[PDB]
Each structure stands twice: as C-alpha cells, then as structure tokens.
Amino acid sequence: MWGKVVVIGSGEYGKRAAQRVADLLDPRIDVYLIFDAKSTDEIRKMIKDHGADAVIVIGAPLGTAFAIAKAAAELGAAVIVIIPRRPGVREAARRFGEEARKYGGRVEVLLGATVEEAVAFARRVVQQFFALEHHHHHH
C-alpha cells in the first residue's frame, strides 16, 4: 500500500460523498471509512491508529467538520474539508483554513459543491498528494 487515507462523512450529503470517494480512490491507498463523526477525541484516536497521511472530512455540522480537520492537521495529516451548501460560511471557512495551515500541512477546502464535484475535488487533491516529486516547486 502506498499510503493511508481516512474518509469521514457526516450527515446525508457527507455520508453519500464519503462512500463515493472511498469507492473511487486508487486501490493502492489504504482507506478507512467512518460515518457520522461524534467524538472528536475518538476520531482523533482512530486517525492516530490508522497512521493517516490524509484525512478527508465531508459534511455537516460545520463546527464538527472543522474540529475534526483541525485535530487531523495537528497530528500532521493533510486535510481535505468539503462542506455542503450553507449560506454565509465563506469567512468561517477562511478562518478555519488560516488556523489549520499554521501546522504547515496541506489544507484544501471546498464549499457548496455538488456530490460529484466533491468526489472529483477529493480525487484531484489525493492525486496531487500522492504524486512523485519530479517537479520544480514543493510544499
């Protein structure tokens, strides 16, 4: 296996998108799928035991998604955060991204997209995250 990705989906949109992402990720990725995140501390332990390279958090409530993603970033994982359409979340998401980026990891956020756009966004970021380093600029 090439790496370890944890996929967490909460709520109706998040669970559907999370299942599709897990179904469509390259089989060389070791994927751990979790539905309906409740305890941030329990998620944190499951992220530590899986030794996650990246954590994909999809759905709502926003406060939970951001809390999970911050905990993953604190553990050194790349994070991909995908929030279903909600009004007025732009500045909250900008502040989350600024805080999560203080850890120095990769932080990617998608707001208000369809399920299939969410799936494509997760797949594109994971594709980049697993790319070989034969290029010029590096994170």
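All residue numbers refer to positions in the sequence shown, first residue = 1.
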Tell me which stretch has the larger mean Cα B-factor in this entry, 48-56 or 93-101.
48-56
So 106-114 or 30-38, which one's hotter by mean CA B-factor in the entry?
30-38
Residue with highest C-alpha B-factor in the PDB entry, from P87, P84, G76, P61
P61
Can you work out whether the C-alpha temperature factor of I43 puts it in the lowest, middle or highest third of the chain?
highest
What third of its chain, lowest, middle or highest, does the C-alpha temperature factor of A69 fall into?
lowest
Entry-reported Cα temperature factor of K15, expressed as the chain third it lands in:
highest
Third of chain Cα B-factors occupied by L132:
middle
